[PDB]
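S.K.: After the structure tokens below, expect a handful of questions from me.
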Amino acid sequence: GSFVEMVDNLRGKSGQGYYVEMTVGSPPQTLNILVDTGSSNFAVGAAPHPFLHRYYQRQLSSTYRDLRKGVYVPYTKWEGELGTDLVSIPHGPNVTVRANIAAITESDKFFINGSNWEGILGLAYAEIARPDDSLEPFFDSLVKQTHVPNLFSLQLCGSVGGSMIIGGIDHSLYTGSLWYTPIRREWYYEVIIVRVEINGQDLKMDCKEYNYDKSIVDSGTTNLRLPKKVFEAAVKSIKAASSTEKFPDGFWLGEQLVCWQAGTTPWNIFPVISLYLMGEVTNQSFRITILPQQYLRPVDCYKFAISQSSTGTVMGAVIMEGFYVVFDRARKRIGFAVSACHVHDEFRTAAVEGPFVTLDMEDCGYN
Ligand SMILES: COc1cc(Cl)cc(CN2CCC(NC(=O)COc3ccc(S(N)(=O)=O)cc3C)CC2)c1OC(C)C
């Protein structure tokens, strides 16, 4: 129904991810923790790093249990000591669980200078958790140890705000209807993109090109990340549709900034982007549509928030900030609906529409 306690529990800064307040240990130790669907580890600062406001102090927790094991996690790195302790979310469900915690003792280019978060909540599946799949992720522990339903939902909104509804759906956070795409495999939140359209025109590419290796839903990524060939054809079309005004080379690369007079931003010159996702029924698909407001991130000055990806399509904060996303882990599917907080002009709106007939959808995925 409605979970008013959990609404507006997320804070952040443009491009620095969304964090939620969490308690660790007994007595409670408040920490700000990143919300990440692209990783599976629950890890926190445990040593007095210069960038940290606070850190997890294991000596102050009576309910801390040492696992006597080390964990290494590199990025495009941190190193910590494994243990368990009582974890709870103050603006979440009235429950407490004994979850695995990686106390970060040493980190290189992990913590951000000036940021207000002290850790990371990996919400993805065990298979990509470090060191191996035997380390239970937070959410898996939560479901086993309480009567919280195996489901969470995210409403990310363009300092920055949002809502994470743990264990249910808040129906005021979206308009229209939820359309579900299946989770292909339980590691990352993997989905299949079956068609891409720019302002109505199909990109006329093989659907395997959209999902090369894997396509994922990731709150830990800021941009919409398209594969090499897919991204290049997309920019080509956006340039064509917005050839009315001048743009430097670095803009489309994501380097330079484009500005207008306060309220002179021409949204109409920019095309909409539509991603078609595999549906619940055989040969059935549905499309999700994003406005320029989603893929042009404010920094009125803006920045081009679509870039190249080392994998398939990565549906980052750009996509998610337009939609209310339901991570229905119980039924191995991900739901999409128009976000009630998504930024839109009066003329056009972001949409979730269906059903469409798309044949040979299974072929679009990587083998
Ligand atoms: C403020 O910064 C962060 C905010 C948040 Cl909420 C989380 C993280 C850590 N996340 C760890 C998981 C990672 N997601 C994945 O691995 C998912 O898969 C891909 C994603 C993108 C590409 S690519 N390179 O093609 O775009 C390729 C792949 C395979 C995102 C980052 C943040 O990063 C800092 C702390 C280091």
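Naming scheme: A, B, ... for chains in displayed order of the structure tokens; residues 1 onward per chain; ligands 1 onward as shown.
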Which residues come within 7 Å of residue A:307, counting only C-alpha atoms, excluding same-chain residues fewer than 4 positions away, as an MDAnalysis selection string?
M.R.: chainID A and resid 223:226 231 253
S.K.: Let me see the file: selected residues, C-alpha atoms, as a PDB file, in the first residue's frame.
M.R.:
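The new file part26.pdb reads:
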```pdb
ATOM      1  CA  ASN A 223      25.038   7.639 -17.052  1.00  0.00           C
ATOM      2  CA  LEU A 224      23.097   5.578 -19.550  1.00  0.00           C
ATOM      3  CA  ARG A 225      25.928   3.461 -20.920  1.00  0.00           C
ATOM      4  CA  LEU A 226      25.388   2.144 -24.448  1.00  0.00           C
ATOM      5  CA  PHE A 231      26.167   4.679 -28.710  1.00  0.00           C
ATOM      6  CA  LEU A 253      31.981  12.939 -25.231  1.00  0.00           C
TER       7      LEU A 253
END
```
S.K.: Excluding stretch 186-199 of chain A and its own-chain neighbours fewer than 5 positions away, which residues fall within 7 Å of it when counting only C-alpha atoms? Please give them as a CSV table (one decimal) with C-alpha atoms, in the first residue's frame.
M.R.:
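Writing the result to result.csv gives the following:
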```
chain,number,residue,atom,x,y,z
A,38,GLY,CA,25.4,-3.2,-9.5
A,124,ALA,CA,22.7,-7.5,-6.3
A,125,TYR,CA,22.9,-11.3,-6.1
A,126,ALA,CA,25.4,-13.6,-4.3
A,127,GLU,CA,27.1,-14.7,-7.5
A,128,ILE,CA,29.1,-11.4,-7.9
A,181,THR,CA,10.8,-7.4,-17.7
A,207,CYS,CA,19.2,-6.7,-31.1
A,210,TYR,CA,22.3,-3.9,-27.5
A,211,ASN,CA,23.0,-6.6,-25.0
A,214,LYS,CA,25.1,-8.4,-20.6
A,215,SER,CA,22.6,-5.6,-20.1
A,216,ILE,CA,22.0,-4.5,-16.5
A,217,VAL,CA,20.0,-2.2,-14.1
A,271,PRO,CA,14.7,13.7,-29.2
A,272,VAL,CA,13.2,11.2,-26.8
A,273,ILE,CA,14.9,7.8,-26.4
A,274,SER,CA,12.8,4.6,-26.2
A,275,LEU,CA,14.2,1.3,-25.0
A,276,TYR,CA,12.1,-1.8,-25.7
A,277,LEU,CA,12.5,-4.5,-23.0
A,278,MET,CA,11.6,-8.2,-23.1
A,361,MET,CA,13.5,-12.0,-28.4
A,364,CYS,CA,18.9,-10.8,-28.3
A,365,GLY,CA,20.7,-12.1,-25.2
```
S.K.: Would you mind listing what lies within 10 Å of residue A:296 as a ChimeraX atom specification, with only C-alpha atoms counted and same-chain residues fewer than 6 positions away left out?
M.R.: /A:223,258,267,270,302-306,318
S.K.: Please produce a file of those selected residues containing N, CA, C and O atoms, as a compact mmCIF listing (two decimals), in the first residue's frame.
M.R.:
```txt
# COMPACT_ATOMS: atom_id res chain seq x y z
N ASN A 223 25.46 7.50 -15.66
CA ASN A 223 25.04 7.64 -17.05
C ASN A 223 24.28 6.44 -17.61
O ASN A 223 24.34 5.34 -17.06
N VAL A 258 27.28 22.66 -21.72
CA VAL A 258 26.48 23.54 -22.58
C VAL A 258 25.46 24.31 -21.74
O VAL A 258 24.72 23.72 -20.95
N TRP A 267 14.10 22.35 -24.95
CA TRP A 267 13.89 20.91 -24.75
C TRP A 267 13.31 20.25 -26.00
O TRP A 267 13.60 19.08 -26.28
N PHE A 270 15.50 18.45 -28.69
CA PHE A 270 16.10 17.17 -28.31
C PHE A 270 15.11 16.01 -28.41
O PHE A 270 13.96 16.12 -27.96
N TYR A 302 24.04 22.30 -18.64
CA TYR A 302 23.79 20.86 -18.71
C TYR A 302 24.99 20.08 -19.23
O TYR A 302 25.93 20.65 -19.78
N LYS A 303 24.94 18.77 -19.04
CA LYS A 303 26.01 17.86 -19.42
C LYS A 303 25.39 16.62 -20.08
O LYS A 303 24.37 16.10 -19.61
N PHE A 304 26.00 16.16 -21.17
CA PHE A 304 25.47 15.02 -21.92
C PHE A 304 25.73 13.72 -21.17
O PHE A 304 26.88 13.28 -21.03
N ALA A 305 24.65 13.12 -20.68
CA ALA A 305 24.74 11.99 -19.75
C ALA A 305 24.56 10.61 -20.39
O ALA A 305 24.06 9.68 -19.76
N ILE A 306 24.98 10.49 -21.65
CA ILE A 306 25.05 9.20 -22.32
C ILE A 306 26.48 8.99 -22.80
O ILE A 306 27.08 9.89 -23.40
N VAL A 318 20.46 7.86 -15.11
CA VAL A 318 19.77 8.59 -16.18
C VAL A 318 18.41 7.94 -16.48
O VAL A 318 17.39 8.63 -16.52
```
S.K.: So that I can check the secondary structure, give me every residue of stretch 95-252 of chain A assigned strand (DSSP E or B) by backbone DSSP, as a PDB file with N, CA and C atoms, in the first residue's frame.
M.R.:
```pdb
ATOM      1  N   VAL A  97      18.670  -7.371  11.506  1.00  0.00           N
ATOM      2  CA  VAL A  97      19.250  -8.612  10.996  1.00  0.00           C
ATOM      3  C   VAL A  97      20.749  -8.711  11.268  1.00  0.00           C
ATOM      4  N   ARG A  98      21.237  -9.940  11.418  1.00  0.00           N
ATOM      5  CA  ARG A  98      22.670 -10.183  11.508  1.00  0.00           C
ATOM      6  C   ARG A  98      23.218 -10.411  10.101  1.00  0.00           C
ATOM      7  N   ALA A  99      23.815  -9.360   9.546  1.00  0.00           N
ATOM      8  CA  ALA A  99      24.310  -9.374   8.173  1.00  0.00           C
ATOM      9  C   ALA A  99      25.831  -9.344   8.114  1.00  0.00           C
ATOM     10  N   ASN A 100      26.376  -9.834   7.005  1.00  0.00           N
ATOM     11  CA  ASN A 100      27.807  -9.767   6.749  1.00  0.00           C
ATOM     12  C   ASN A 100      28.268  -8.331   6.513  1.00  0.00           C
ATOM     13  N   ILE A 101      29.394  -7.970   7.122  1.00  0.00           N
ATOM     14  CA  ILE A 101      29.942  -6.623   6.996  1.00  0.00           C
ATOM     15  C   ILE A 101      31.432  -6.669   6.693  1.00  0.00           C
ATOM     16  N   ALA A 102      31.821  -5.985   5.621  1.00  0.00           N
ATOM     17  CA  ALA A 102      33.223  -5.808   5.290  1.00  0.00           C
ATOM     18  C   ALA A 102      33.708  -4.465   5.828  1.00  0.00           C
ATOM     19  N   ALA A 103      34.388  -4.514   6.971  1.00  0.00           N
ATOM     20  CA  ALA A 103      35.000  -3.333   7.571  1.00  0.00           C
ATOM     21  C   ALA A 103      36.226  -2.913   6.761  1.00  0.00           C
ATOM     22  N   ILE A 104      36.062  -1.875   5.942  1.00  0.00           N
ATOM     23  CA  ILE A 104      37.140  -1.380   5.084  1.00  0.00           C
ATOM     24  C   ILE A 104      38.242  -0.740   5.925  1.00  0.00           C
ATOM     25  N   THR A 105      39.429  -1.332   5.849  1.00  0.00           N
ATOM     26  CA  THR A 105      40.582  -0.893   6.627  1.00  0.00           C
ATOM     27  C   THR A 105      41.582  -0.156   5.744  1.00  0.00           C
ATOM     28  N   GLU A 106      41.534  -0.444   4.443  1.00  0.00           N
ATOM     29  CA  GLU A 106      42.442   0.145   3.464  1.00  0.00           C
ATOM     30  C   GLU A 106      41.734   0.288   2.115  1.00  0.00           C
ATOM     31  N   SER A 107      41.764   1.494   1.555  1.00  0.00           N
ATOM     32  CA  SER A 107      41.095   1.768   0.284  1.00  0.00           C
ATOM     33  C   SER A 107      41.863   2.765  -0.572  1.00  0.00           C
ATOM     34  N   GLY A 119      29.926   4.240   3.333  1.00  0.00           N
ATOM     35  CA  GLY A 119      29.904   2.832   2.940  1.00  0.00           C
ATOM     36  C   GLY A 119      29.062   2.531   1.714  1.00  0.00           C
ATOM     37  N   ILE A 120      28.860   1.240   1.450  1.00  0.00           N
ATOM     38  CA  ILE A 120      28.182   0.776   0.238  1.00  0.00           C
ATOM     39  C   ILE A 120      27.286  -0.442   0.502  1.00  0.00           C
ATOM     40  N   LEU A 121      26.052  -0.380   0.005  1.00  0.00           N
ATOM     41  CA  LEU A 121      25.094  -1.478   0.134  1.00  0.00           C
ATOM     42  C   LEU A 121      24.875  -2.164  -1.209  1.00  0.00           C
ATOM     43  N   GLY A 122      25.538  -3.303  -1.396  1.00  0.00           N
ATOM     44  CA  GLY A 122      25.392  -4.089  -2.616  1.00  0.00           C
ATOM     45  C   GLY A 122      24.102  -4.885  -2.613  1.00  0.00           C
ATOM     46  N   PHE A 152      12.253  -4.994  -3.304  1.00  0.00           N
ATOM     47  CA  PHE A 152      12.471  -3.586  -2.975  1.00  0.00           C
ATOM     48  C   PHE A 152      12.260  -2.724  -4.214  1.00  0.00           C
ATOM     49  N   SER A 153      11.931  -1.455  -4.004  1.00  0.00           N
ATOM     50  CA  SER A 153      11.702  -0.544  -5.119  1.00  0.00           C
ATOM     51  C   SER A 153      12.434   0.780  -4.929  1.00  0.00           C
ATOM     52  N   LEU A 154      12.859   1.370  -6.046  1.00  0.00           N
ATOM     53  CA  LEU A 154      13.630   2.610  -6.034  1.00  0.00           C
ATOM     54  C   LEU A 154      12.966   3.695  -6.870  1.00  0.00           C
ATOM     55  N   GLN A 155      12.756   4.852  -6.248  1.00  0.00           N
ATOM     56  CA  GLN A 155      12.356   6.052  -6.959  1.00  0.00           C
ATOM     57  C   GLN A 155      13.480   7.068  -6.814  1.00  0.00           C
ATOM     58  N   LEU A 156      14.312   7.171  -7.844  1.00  0.00           N
ATOM     59  CA  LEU A 156      15.392   8.147  -7.862  1.00  0.00           C
ATOM     60  C   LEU A 156      14.908   9.424  -8.535  1.00  0.00           C
ATOM     61  N   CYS A 157      15.230  10.567  -7.936  1.00  0.00           N
ATOM     62  CA  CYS A 157      14.786  11.862  -8.450  1.00  0.00           C
ATOM     63  C   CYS A 157      15.959  12.825  -8.655  1.00  0.00           C
ATOM     64  N   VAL A 160      20.545  15.993  -4.214  1.00  0.00           N
ATOM     65  CA  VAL A 160      19.671  15.057  -4.921  1.00  0.00           C
ATOM     66  C   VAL A 160      18.895  14.169  -3.936  1.00  0.00           C
ATOM     67  N   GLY A 161      17.687  13.756  -4.323  1.00  0.00           N
ATOM     68  CA  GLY A 161      16.819  12.969  -3.441  1.00  0.00           C
ATOM     69  C   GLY A 161      16.139  11.769  -4.077  1.00  0.00           C
ATOM     70  N   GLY A 162      15.494  10.957  -3.240  1.00  0.00           N
ATOM     71  CA  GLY A 162      14.770   9.776  -3.707  1.00  0.00           C
ATOM     72  C   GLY A 162      14.220   8.897  -2.596  1.00  0.00           C
ATOM     73  N   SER A 163      13.619   7.774  -2.987  1.00  0.00           N
ATOM     74  CA  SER A 163      12.996   6.847  -2.043  1.00  0.00           C
ATOM     75  C   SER A 163      13.361   5.400  -2.356  1.00  0.00           C
ATOM     76  N   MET A 164      13.734   4.657  -1.317  1.00  0.00           N
ATOM     77  CA  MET A 164      13.899   3.210  -1.414  1.00  0.00           C
ATOM     78  C   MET A 164      12.872   2.529  -0.520  1.00  0.00           C
ATOM     79  N   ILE A 165      11.886   1.887  -1.141  1.00  0.00           N
ATOM     80  CA  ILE A 165      10.839   1.191  -0.399  1.00  0.00           C
ATOM     81  C   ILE A 165      11.213  -0.279  -0.256  1.00  0.00           C
ATOM     82  N   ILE A 166      11.630  -0.654   0.952  1.00  0.00           N
ATOM     83  CA  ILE A 166      12.069  -2.020   1.245  1.00  0.00           C
ATOM     84  C   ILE A 166      10.876  -2.903   1.610  1.00  0.00           C
ATOM     85  N   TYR A 174       4.479   6.485  -8.378  1.00  0.00           N
ATOM     86  CA  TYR A 174       4.402   6.301  -9.825  1.00  0.00           C
ATOM     87  C   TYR A 174       3.010   6.602 -10.373  1.00  0.00           C
ATOM     88  N   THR A 175       2.957   6.920 -11.665  1.00  0.00           N
ATOM     89  CA  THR A 175       1.698   7.078 -12.385  1.00  0.00           C
ATOM     90  C   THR A 175       1.578   5.970 -13.429  1.00  0.00           C
ATOM     91  N   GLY A 176       0.347   5.676 -13.841  1.00  0.00           N
ATOM     92  CA  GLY A 176       0.099   4.660 -14.860  1.00  0.00           C
ATOM     93  C   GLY A 176       0.272   3.247 -14.339  1.00  0.00           C
ATOM     94  N   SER A 177       0.895   2.397 -15.154  1.00  0.00           N
ATOM     95  CA  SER A 177       0.989   0.970 -14.862  1.00  0.00           C
ATOM     96  C   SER A 177       2.429   0.441 -14.839  1.00  0.00           C
ATOM     97  N   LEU A 178       2.654  -0.588 -14.027  1.00  0.00           N
ATOM     98  CA  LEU A 178       3.943  -1.259 -13.967  1.00  0.00           C
ATOM     99  C   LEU A 178       4.047  -2.315 -15.059  1.00  0.00           C
ATOM    100  N   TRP A 179       5.115  -2.234 -15.840  1.00  0.00           N
ATOM    101  CA  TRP A 179       5.412  -3.249 -16.829  1.00  0.00           C
ATOM    102  C   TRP A 179       6.693  -3.969 -16.430  1.00  0.00           C
ATOM    103  N   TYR A 180       6.630  -5.298 -16.411  1.00  0.00           N
ATOM    104  CA  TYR A 180       7.729  -6.116 -15.921  1.00  0.00           C
ATOM    105  C   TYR A 180       8.553  -6.745 -17.042  1.00  0.00           C
ATOM    106  N   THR A 181       9.871  -6.677 -16.881  1.00  0.00           N
ATOM    107  CA  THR A 181      10.821  -7.395 -17.721  1.00  0.00           C
ATOM    108  C   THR A 181      11.463  -8.472 -16.851  1.00  0.00           C
ATOM    109  N   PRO A 182      11.730  -9.664 -17.420  1.00  0.00           N
ATOM    110  CA  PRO A 182      12.283 -10.716 -16.571  1.00  0.00           C
ATOM    111  C   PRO A 182      13.761 -10.501 -16.267  1.00  0.00           C
ATOM    112  N   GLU A 186      20.244 -14.415 -12.048  1.00  0.00           N
ATOM    113  CA  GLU A 186      20.418 -13.786 -10.739  1.00  0.00           C
ATOM    114  C   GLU A 186      21.889 -13.615 -10.356  1.00  0.00           C
ATOM    115  N   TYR A 189      21.444  -7.486 -11.883  1.00  0.00           N
ATOM    116  CA  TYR A 189      20.050  -7.394 -12.292  1.00  0.00           C
ATOM    117  C   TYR A 189      20.001  -7.303 -13.816  1.00  0.00           C
ATOM    118  N   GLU A 190      20.171  -8.459 -14.454  1.00  0.00           N
ATOM    119  CA  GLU A 190      20.304  -8.541 -15.900  1.00  0.00           C
ATOM    120  C   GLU A 190      18.944  -8.519 -16.584  1.00  0.00           C
ATOM    121  N   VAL A 191      18.841  -7.689 -17.614  1.00  0.00           N
ATOM    122  CA  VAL A 191      17.639  -7.589 -18.431  1.00  0.00           C
ATOM    123  C   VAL A 191      18.030  -7.733 -19.902  1.00  0.00           C
ATOM    124  N   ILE A 193      17.419  -5.834 -23.593  1.00  0.00           N
ATOM    125  CA  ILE A 193      16.919  -4.778 -24.479  1.00  0.00           C
ATOM    126  C   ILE A 193      16.733  -5.356 -25.885  1.00  0.00           C
ATOM    127  N   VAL A 194      15.513  -5.248 -26.410  1.00  0.00           N
ATOM    128  CA  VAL A 194      15.155  -5.900 -27.675  1.00  0.00           C
ATOM    129  C   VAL A 194      14.993  -4.929 -28.848  1.00  0.00           C
ATOM    130  N   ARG A 195      14.961  -3.632 -28.546  1.00  0.00           N
ATOM    131  CA  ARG A 195      14.821  -2.593 -29.568  1.00  0.00           C
ATOM    132  C   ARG A 195      15.106  -1.210 -28.980  1.00  0.00           C
ATOM    133  N   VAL A 196      15.757  -0.352 -29.768  1.00  0.00           N
ATOM    134  CA  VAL A 196      16.017   1.034 -29.370  1.00  0.00           C
ATOM    135  C   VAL A 196      15.495   2.002 -30.430  1.00  0.00           C
ATOM    136  N   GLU A 197      14.743   3.009 -29.989  1.00  0.00           N
ATOM    137  CA  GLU A 197      14.201   4.030 -30.886  1.00  0.00           C
ATOM    138  C   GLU A 197      14.604   5.439 -30.467  1.00  0.00           C
ATOM    139  N   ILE A 198      14.903   6.273 -31.459  1.00  0.00           N
ATOM    140  CA  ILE A 198      15.195   7.688 -31.237  1.00  0.00           C
ATOM    141  C   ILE A 198      14.093   8.536 -31.867  1.00  0.00           C
ATOM    142  N   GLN A 201      12.096   6.780 -34.605  1.00  0.00           N
ATOM    143  CA  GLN A 201      12.849   5.995 -35.583  1.00  0.00           C
ATOM    144  C   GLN A 201      13.694   4.911 -34.928  1.00  0.00           C
ATOM    145  N   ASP A 202      13.530   3.683 -35.412  1.00  0.00           N
ATOM    146  CA  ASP A 202      14.335   2.545 -34.980  1.00  0.00           C
ATOM    147  C   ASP A 202      15.792   2.774 -35.376  1.00  0.00           C
ATOM    148  N   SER A 215      23.207  -6.857 -20.337  1.00  0.00           N
ATOM    149  CA  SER A 215      22.586  -5.560 -20.057  1.00  0.00           C
ATOM    150  C   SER A 215      21.995  -5.546 -18.650  1.00  0.00           C
ATOM    151  N   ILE A 216      22.309  -4.503 -17.885  1.00  0.00           N
ATOM    152  CA  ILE A 216      21.998  -4.478 -16.454  1.00  0.00           C
ATOM    153  C   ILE A 216      21.290  -3.207 -15.987  1.00  0.00           C
ATOM    154  N   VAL A 217      20.623  -3.313 -14.838  1.00  0.00           N
ATOM    155  CA  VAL A 217      20.044  -2.163 -14.147  1.00  0.00           C
ATOM    156  C   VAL A 217      20.963  -1.801 -12.982  1.00  0.00           C
ATOM    157  N   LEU A 224      23.557   6.665 -18.701  1.00  0.00           N
ATOM    158  CA  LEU A 224      23.097   5.578 -19.550  1.00  0.00           C
ATOM    159  C   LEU A 224      24.289   5.180 -20.405  1.00  0.00           C
ATOM    160  N   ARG A 225      24.751   3.948 -20.221  1.00  0.00           N
ATOM    161  CA  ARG A 225      25.928   3.461 -20.920  1.00  0.00           C
ATOM    162  C   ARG A 225      25.532   2.497 -22.030  1.00  0.00           C
ATOM    163  N   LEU A 226      25.691   2.951 -23.271  1.00  0.00           N
ATOM    164  CA  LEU A 226      25.388   2.144 -24.448  1.00  0.00           C
ATOM    165  C   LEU A 226      26.659   1.513 -25.018  1.00  0.00           C
ATOM    166  N   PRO A 227      26.545   0.310 -25.622  1.00  0.00           N
ATOM    167  CA  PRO A 227      27.694  -0.312 -26.297  1.00  0.00           C
ATOM    168  C   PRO A 227      28.230   0.538 -27.451  1.00  0.00           C
TER     169      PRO A 227
END
```
S.K.: Ranking A:264, A:6, A:113, A:40 by minimum distance to residue A:134 and counting only C-alpha atoms, which one comes first?
M.R.: A:40
S.K.: Would you please extract all alpha helix (DSSP H) residues from stretch 9-155 of chain A, as assigned by DSSP on the backbone, and give them as a list in words?
M.R.: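 For stretch 9-155 of chain A, the alpha helix (DSSP H) set is residues 138, 139, 140, 141, 142, 143, 144 and 145 of chain A.
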S.K.: List the spatial neighbours of residue A:58 as a ChimeraX atom specification - criterion: any atom at most 9 Å away, only C-alpha atoms, same-chain residues fewer than 6 positions off excluded.
M.R.: /A:25,46,64,103
S.K.: One decimal, Å: what's the distance from atom CA of residue A:209 over to atom CA of residue A:295, could you say?
M.R.: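 Computing it gives 20.9 Å between the two atoms.
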S.K.: Using only C-alpha atoms, which residues sit within 9 Å of residue A:359 once same-chain residues fewer than 4 positions away are excluded, as a ChimeraX atom specification?
M.R.: /A:282-284
